[PDB]
Amino acid sequence: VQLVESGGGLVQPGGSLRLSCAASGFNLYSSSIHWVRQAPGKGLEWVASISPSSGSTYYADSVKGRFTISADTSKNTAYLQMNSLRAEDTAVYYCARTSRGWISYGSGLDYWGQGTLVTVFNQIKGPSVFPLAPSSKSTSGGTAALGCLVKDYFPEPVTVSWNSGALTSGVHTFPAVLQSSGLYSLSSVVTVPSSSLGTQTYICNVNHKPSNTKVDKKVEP
Amino acid sequence: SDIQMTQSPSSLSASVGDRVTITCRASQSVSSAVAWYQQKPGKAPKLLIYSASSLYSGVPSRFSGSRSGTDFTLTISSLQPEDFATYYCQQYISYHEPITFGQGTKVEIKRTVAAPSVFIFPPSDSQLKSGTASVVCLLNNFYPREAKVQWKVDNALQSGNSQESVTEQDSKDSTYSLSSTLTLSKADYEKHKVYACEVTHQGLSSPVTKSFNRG
Amino acid sequence: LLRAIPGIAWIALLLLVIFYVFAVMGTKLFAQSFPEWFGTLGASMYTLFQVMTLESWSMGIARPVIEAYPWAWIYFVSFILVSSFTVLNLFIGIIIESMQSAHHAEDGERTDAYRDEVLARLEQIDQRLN
Amino acid sequence: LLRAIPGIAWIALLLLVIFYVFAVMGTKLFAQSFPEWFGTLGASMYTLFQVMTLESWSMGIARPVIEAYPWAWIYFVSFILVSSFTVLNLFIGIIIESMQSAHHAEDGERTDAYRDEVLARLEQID
């Protein structure tokens, strides 16, 4: 079997996107499909459920009417239009079948849909190149760490690389922290010898396809 | 009706091979038709237990779920390579008003109590130039996760001017990184000279604190 | 054994049409609020199946009856009331026909006896004289 | 004891549905004139409750039946007719099961006897 998950993308409030779900290796017409959203660092939220042979208009209070889910048996295809986003509903959404039909579980999640990330809030961001190098008294004879910082990022994600990704060992990319202004923020550094600091060049490469902003900046005392 | 599958515990760190039980509390009369599922990070749902006993066709025997009226509990005795996992229930009506899935149970793999490597990141002039200023304190390769972020501006502790972030356990070192950036108005950056932070963790037998003066 | 066999058949038929009644009862005035499983009389079989399956899913509907038809406490007590009243008696009825057989048989067994002992006592006298 | 227990249950059920009948009977053709308490079959329970409460308030309705549905003399006689026919028999039925036990016991008591006198007249001949 195969679940068809498409119709994602980023948008601004008041917008209406139709999340499409097409039936592959299972007769949805007898089955039933449900939608449930996974917020970053949060679990599932049983959005809706439905031809379910009978036309079960079944949806959670969270998006009660704000969204309306349905399907086309004739095409073995389903849809979920989350209108009225609010940005509260900004979360990676995956639609699947806990079907009480013939082809799926009936007990629970028969399978999981690919899932398409929906970001419902709009600016353009990631202009910060903030190098975080150690002091002149970097741990001599031991391991010292340094790396850049990308502040005022919106939305996630942010593609990162150290010395154009050439150095993988020691590299750790901090998680996205949403700042008060409404911009995500994180950083990355890596341990290296003090002798390697003044000799070997280290320049963290940064990429943000949405703003399509490219940044690579070096590190030194 | 209404359902509130209260899954426990919050943080569940354990060693491999050990026996682990994921418990969830039912608000109202939740029947035998209970479901639990576990998924890797950025990975699809995997329905674990069907009808609170039935393992899905291909599901390993390593794990099992039990029912005690209001209390519904899943358990695994042998750590499979999928050691690091999550756990959330799912409460069903055959076809009725109420729909609910679990509040989630983080199933972490407990590793060695490692001394968390720490460093300082003072704001650059270039960074400060824009009129926004941020100081970051480095905490990489850490174990355990339980740590106390404590910053002091001119030796004076602040509040609300910091955001905290924490990586996952390393692919090799099994040790996690923690990101803590102190950020305030440019005026404040100049208004203080001594910039310092106090880090509290089990690995820090003697808790260490590094400092920097403005300029 | 075969005597009581018919007894349960008519009783179950009462029970069958007791279903047909409670189905005609339930469906009409329990639908439009939660009408997924209350449209057709079939829902009563479901309702049986529900009870067989220890429903506690009409607990939902019972929350919905608390929202929609709190009378349904009766019209749940009714299904419960009707079932027990039916099923017990069909069983008791048979317990009785079961218990009714042996008492005759016990006396039946004792029936042949007293005459034998008499039929014995009678020819017993016929030797000490003839 | 337990034999007759089921007996009343089916009888009361007859009586229950005898209600359902007389309710279906009463309501239809007693309403529109005084339709406050004759709309729903519930009114028959009320009617029971009425009779339990020694109504004499349907005396009113009886004056209204003399005005509106003098047939209700029947459809009052009906509730009375149905009740007695029911309640007596459920009782009689039990009186009978009560009276049926001893009559058989009397023979049971006499049952042990004739054999004894025989069992006596057997060892007597030695």
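Rank the residues A:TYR93, C:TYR75 as a footprinting-exposure proxy: fewest other Cβ atoms within 10 Å of their Cβ go first.
Ascending Cβ contact count within 10 Å gives the list C:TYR75, A:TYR93.
Whose amide H sits under 5 Å from the amide H of A:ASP216, counting only residues 5 or more places off or on another chain, with H placed in the peptide plane?
Result for A:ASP216 returns A:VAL206.
What is the magnitude of the charge dipole of chain D about its Cα centre, with +1 placed on the Cβ of each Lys and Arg, -1 on the Cβ of each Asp and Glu, and no other charges, expressed in debye to the nearest 20?
860
About the Cα centre of the protein assembly as shown, what is the dipole size in debye to 20, counting +1 per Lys and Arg Cβ and -1 per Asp and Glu Cβ, all else neutral?
On the way: 49 positive and 52 negative charges, 885 e Å.
Here the size comes out at about 4240 debye.
Whole-Hz ³J(HN,Hα) for each residue in segment B:186-197, computed from phi via Karplus 6.51 cos²θ - 1.76 cosθ + 1.60 with θ = phi - 60°, x for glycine and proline: what do you get?
3, 3, 4, 4, 6, 5, 10, 10, 4, 10, 8, 8
Please list, in order along segment A:146-156, the HN-Hα scalar couplings obtained from phi with the Karplus expression 6.51 cos²θ - 1.76 cosθ + 1.60 (θ = phi - 60°), rounded to whole Hz, x for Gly and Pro.
My calculation for segment A:146-156 gives 7, x, 7, 8, 10, 9, 6, 8, 5, x, 5 Hz in order.
Taking θ as phi - 60°, what are the ³J(HN,Hα) couplings along segment D:30-39 by the Karplus curve (6.51, -1.76, 1.60), each to the nearest whole Hz, with x for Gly and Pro?
Ordered by residue, 3J(HN,Hα) equals 9, 7, 4, 6, 10, x, 6, 10, 7, x Hz.
Mind jotting down the distance between the C-alpha centroids of segment D:89-108 and segment A:173-205, whole Å?
99
Would you pull out the residues with amide H under 5 Å of B:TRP151's amide H, same chain only if 5 or more places away, H placed 1.01 Å from N?
Residues meeting the amide H criterion: B:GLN158, B:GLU198.
I'd like the mean, over residues of A:105-117, of how many other protein chain beta carbons sit within 10 Å of each residue's own Cβ.
Mean partner shielding for this stretch: 6.
For segment C:1-99, what number results from the quotient of the Cα radius of gyration and 2.2 N^0.38 Å?
On the way: Rg = 15.5 Å, N = 99, 2.2 N^0.38 = 12.6 Å.
In units of the 2.2 N^0.38 Å rule of thumb, it is 1.23.
Considering segment B:114-215, what Rg and Dmax in Å follow from its alpha-carbon atoms?
14.1, 43
Residue by residue through B:36-44, how many Cβ atoms from other chains fall within 10 Å of the Cβ on average? Present the calculation step by step, with values, prior to reporting the outcome.
Numbers: counts 1, 5, 0, 5, 0, 0, 3, 2, 10.
The shielding value for this peptide is 3.
Mind jotting down the three principal axis lengths of chain A based on Cα atoms? Whole angstrom, largest first.
73, 34, 25
Farthest toward the dipole's positive end in the protein assembly as shown, which of A:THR213, C:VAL24, B:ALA52, given Cβ charges of +1 (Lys, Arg) and -1 (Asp, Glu) about the Cα centre?
Value computed over the given set: A:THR213.
Label A:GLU156 and C:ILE96 with points 7 Å out from Cα along Cα→Cβ: what is the distance between them in nm?
7.2
Sorting check: for B:126-135, B:30-39, which peptide has the highest mean count of neighbouring beta carbons within 10 Å, and how do the rest follow?
My ranking of the peptides, most packed first, is B:30-39, B:126-135.
Residue by residue through B:46-55, how many Cβ atoms from other chains fall within 10 Å of the Cβ on average?
For this peptide, the per-residue mean of nearby foreign Cβ atoms is 3.
Please list the non-local residues whose amide H lies under 5 Å from the amide H of A:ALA144, H modeled 1.01 Å from N, same-chain partners needing a gap of 5 or more.
A:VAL192, A:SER194
For the protein assembly as shown, with the dipole built from +1 on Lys and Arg beta-carbon atoms and -1 on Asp and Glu ones, taken about the Cα centre, which of D:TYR69, D:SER101, B:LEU12 lies farthest toward the positive end?
B:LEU12
When we count neighbours, we look across all protein chains shown, and the Cβ atoms used for this are built from the backbone with ideal geometry, even at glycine. Rule-based calculations on the coordinates, nothing more; no lab input.
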